[PDB]
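[1] give me coordinates for this.
(2 chains, ligands or ions: 1)
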Amino acid sequence: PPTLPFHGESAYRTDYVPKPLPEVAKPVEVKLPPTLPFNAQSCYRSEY
Amino acid sequence: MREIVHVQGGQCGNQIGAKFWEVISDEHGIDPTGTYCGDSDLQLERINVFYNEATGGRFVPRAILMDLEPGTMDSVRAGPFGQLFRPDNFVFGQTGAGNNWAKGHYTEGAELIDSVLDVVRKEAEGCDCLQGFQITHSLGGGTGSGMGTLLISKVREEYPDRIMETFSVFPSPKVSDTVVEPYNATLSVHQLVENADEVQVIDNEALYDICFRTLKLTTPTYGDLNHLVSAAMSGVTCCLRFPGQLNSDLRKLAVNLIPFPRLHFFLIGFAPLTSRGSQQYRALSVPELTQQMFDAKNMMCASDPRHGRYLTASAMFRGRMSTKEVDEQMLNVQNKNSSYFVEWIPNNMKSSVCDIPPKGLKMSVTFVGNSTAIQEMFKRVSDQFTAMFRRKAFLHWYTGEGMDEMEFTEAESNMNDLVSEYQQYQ
Ligand SMILES: Nc1nc2c(ncn2[C@@H]2O[C@H](COP(=O)(O)OP(=O)(O)O)[C@@H](O)[C@H]2O)c(=O)[nH]1
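    Numbering: from 1, shown residues only, chains lettered A, B, ... in the order given. Below is the structure:
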């Protein structure tokens, strides 16, 4: 009688293979708006 | 860790366990010279459940060979997978019980039981401590029901909380070999009902009907019949040796199947079982594994389960398979065979999946189930007992060896009320 080869493997070692890690390098870049003027004067300095 | 001490007694026990250790060695990659082949990690991480290191790399079984005549012990050693056993685990008799429960239990089974309590305690205390004992023997012959029955007795008070698996073959209704059939049955069922945690029922014609109507094998040998039982009794303990998604041991099988501690008699099935010419024509998935599962021809118990009621059933599934295919198939066979299952236990059915299948098969499943349809064996052995007890037939062989007949009526009492308790649950 022959010895049949053992084929046997569990759910852990079939499903939980070491997975490829996600490729994450993405920051949230924000652009600062340029500054707005102080063209502002007071009545004393514009009339007197 | 967990360790199962296999005990086998009598000619039929030794022959049926030669096929048992044949399939366990094959499943675990064990050369009959003890060494290992098969280069798989899943083979050997749970090998102490049935084997032991023997400082030579080889694995000797934890098997206690027992017979009271040296006939078949020479044949089991001379056969294939026969040199795997330790010679000291054999115990040799010289007279042999001549199909006599009396002298096999009282007058000459007493001197050999001291030399075999040396070896069952040697295997028990050699490890850290064990899980259970499985005993394979006959209840129709003399050396099985006389000698192994008493071994079952004193291993209770030395290890009370340990599980006791036991596979027993029974006297047959139609053919009657070993002409004193019911005396060796009734006297040992008394012992077995109060000194066994769980017992599994095998019949010779039930094996012959499997070999004829399902396997279509014209010439059945005793090794062929032993292969069927041995394949069944490896499936009941798959999860002890292999992992799975849902694991279960002998204690899981016990606590779910016995609700009342005195009735522990089970029916055994095994699937798949194809013809050699019908293997390639038949599909292999859980809906047809479970529909061959509940068939009267499929059992190795010669009682029609439609005549009774399924008190509790369980299935040791094996192989990679969908968990909810198993779930849907148990629930379907309950609510469709509604009259076949008892009402007062909701969802009578238990399941366990052992991820690694047996060799050459993608999937398999093994039945262990308490049924009240075993009652028609208990009264069939009973009225065959009292038909020839009333006439004082063959009593002089028993009462002369040390027996008195006060345990003959009170075995009839302690078996007719097994019939009584199994009656009202259908
Ligand atoms: N299952 C099984 N039954 C057997 C085998 N050999 C014999 N028998 C049955 O056992 C009965 C005789 O049993 P016996 O040899 O007296 O059992 P003993 O007490 O162990 O000696 C016969 O009716 C056979 O049908 C076998 O290899 N397997």
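
[2] so how many other residues sit close to the one residue in chain A that gets nearest to the ligand?
    Chain A approaches the ligand most closely through residue A:1 (18.3 Å), counting by Cβ to the nearest ligand atom. (Each C-beta comes from the backbone N, C-alpha and C, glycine too.) As a burial measure, residue A:1 scores 6 neighbours (other Cβ atoms under 10 Å in any protein chain shown).

[3] likewise residue B:184?
    Residue B:184 has 28 neighbours, counted by other Cβ under 10 Å.

[4] which element is it on?
    helix B:182-194 (DSSP states H and E).

[5] now residue B:386
    According to DSSP H and E, residue B:386 maps onto helix B:375-389.

[6] chain center to that helix, what's the gap?
    Here the centre of helix B:375-389 is set off from its chain's centre by 22 Å, with Cα atoms, centre = their mean, to the nearest Å.

[7] kindly report the same for stretch B:253-267.
    Relative to the centre of its chain, stretch B:253-267 is centred 14 Å away, using Cα atoms, centre = their mean.

[8] before we move on, what about stretch B:50-70?
    How far stretch B:50-70 lies from its chain's middle: 19 Å, per Cα atoms, centre = their mean.

[9] quick one: strands adjacent to the helix or strand hosting residue B:368?
    Here residue B:368 sits within strand B:364-371, counting by DSSP H and E. Strand pairing for strand B:364-371, using DSSP bridges, gives strand B:265-271 (antiparallel), strand B:310-318 (antiparallel).

[10] other residues contacting that strand?
    B:200, B:232, B:235-236, B:238, B:253, B:257-258, B:263-272, B:289-290, B:293, B:298-299, B:303, B:305, B:308-319, B:357-358 (Cβ atoms under 8 Å, 6 or more residues apart in numbering or on different chains).

[11] one step back: buried ones in the helix holding residue B:386?
    B:375-382, B:384-386, B:388-389 (16 or more other Cβ atoms under 10 Å in any protein chain shown).

[12] any idea which element the closest residue to chain A within chain B lies in?
    Of all residues in chain B, residue B:356 sits closest to chain A, at 3.8 Å by Cβ to the nearest Cβ. For residue B:356, there is no host helix or strand (DSSP H and E).

[13] smallest gap between chain A and chain B, at which residue?
    Closest point on chain A to chain B, by Cβ to the nearest Cβ, is residue A:8, at 3.8 Å.

[14] need the nearest residue in space to that residue, chain neighbours excluded.
    Distances taken as Cβ to Cβ, 6 or more residues apart in numbering or on different chains put residue B:356 closest to residue A:8, at 3.8 Å, once the chain neighbours are dropped.

[15] list the contacts of that neighbour.
    For residue B:356, counting by Cβ under 8 Å, 6+ apart, the contacting residues are A:8, A:9, A:10, B:42, B:238, B:242, B:243, B:244, B:318, B:319.

[16] hang on, the second one in a strand?
    Yep, that's residue A:9 we're talking about. No - using DSSP: H, G, I helix; E, B strand; the rest coil, the secondary structure at residue A:9 is coil, not a strand.

[17] wait, it touches residue B:42, no?
    Yes - Residue A:9 lies in contact with residue B:42 (Cβ atoms under 8 Å); the separation is 7.2 Å.

[18] higher neighbour count, those two?
    Between residue A:9 and residue B:42, counted using other Cβ under 10 Å, residue B:42 has the larger neighbour count: 19 against 13.

[19] ramachandran angles for that one?
    For residue B:42, the backbone dihedrals (degrees, to the nearest 10) come out as phi -70, psi -10.

[20] any idea how far residue B:375 is from it?
    42 Å (Cβ to Cβ, to the nearest Å).

[21] pull the contacting residues for residue B:23.
    By Cβ under 8 Å, 6+ apart, residue B:23 lies in contact with B:227, B:230, B:231, B:234, B:358.

[22] how close does the nearest residue to residue B:192 once chain neighbours are set aside get to residue B:134?
    Closest residue to residue B:192 apart from its sequence neighbours, by Cβ to Cβ, 6+ apart: residue B:199 at 5.8 Å. As judged by Cβ to Cβ, residue B:199 and residue B:134 stand 11 Å apart.

[23] have a look at the two and say which one is more surrounded.
    Higher neighbour count among residue B:199 and residue B:134: residue B:134, with 22 against 19, using other Cβ under 10 Å.

[24] helix or strand right after the host helix or strand of the more buried one?
    Per DSSP H and E, residue B:134 falls inside strand B:132-138. Sequence order places helix B:142-143 as the next helix or strand after strand B:132-138, per DSSP H and E.

[25] that following helix: how far from the chain's middle?
    Relative to the chain's own centre, helix B:142-143 is displaced by 17 Å; criterion: Cα atoms, centre = their mean.

[26] which outside residues touch that helix?
    With contacts defined as Cβ under 8 Å, 6+ apart, helix B:142-143 is touched by B:9-11, B:67-69, B:93, B:96-101, B:103-104, B:184.

[27] also stretch B:417-426?
    B:189, B:193, B:260, B:262-263, B:308-309, B:311, B:342, B:372, B:374-375, B:378-379, B:382.

[28] repeat the analysis, applying 6 Å as the threshold.
    If you take Cβ atoms under 6 Å, 6 or more residues apart in numbering or on different chains as the criterion, stretch B:417-426 is touched by B:308, B:309, B:311, B:372, B:375, B:378, B:379.

[29] of all those residues, which two lie farthest apart?
    Farthest pair in the contacts of stretch B:417-426 (Cβ to Cβ) is B:311 and B:379. Separation: 17.4 Å.

[30] farthest pair within the buried residues of helix B:375-389?
    Spatially, the most separated pair among those is B:375 and B:388, at 21.1 Å (Cβ to Cβ).

[31] assumed residue B:18 was part of a strand.
    No - going by three-state DSSP, the assignment for residue B:18 is helix, not a strand.

[32] could you check how far it is from residue B:63?
    Distance, residue B:18 to residue B:63, by Cβ to Cβ: 10 Å.

[33] which bits of chain B sit near chain A?
    Applying Cβ under 6 Å from any Cβ of the partner chain, we find that chain B lies next to chain A at B:29, B:38, B:40, B:42, B:243, B:245, B:355, B:356, B:359, B:360.

[34] so what's residue 3 up against?
    Answering for chain A, as no chain was given. No contacts exist for residue A:3 under Cβ under 6 Å, 6+ apart.

[35] that answer is for a different chain, and I need it for chain B
    Going by Cβ under 6 Å, 6+ apart, residue B:3 touches B:127, B:130, B:131.

[36] put together JSON lines for those residues, with distance to residue B:108 and neighbour count on each row.
    Shown next, in JSON lines, are the contacts of residue B:3 (distance: Cβ to Cβ, whole Å; neighbours: other Cβ atoms under 10 Å in any protein chain shown):
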{"residue": "B:127", "distance to residue B:108": "32", "neighbour count": "15"}
{"residue": "B:130", "distance to residue B:108": "29", "neighbour count": "20"}
{"residue": "B:131", "distance to residue B:108": "32", "neighbour count": "19"}
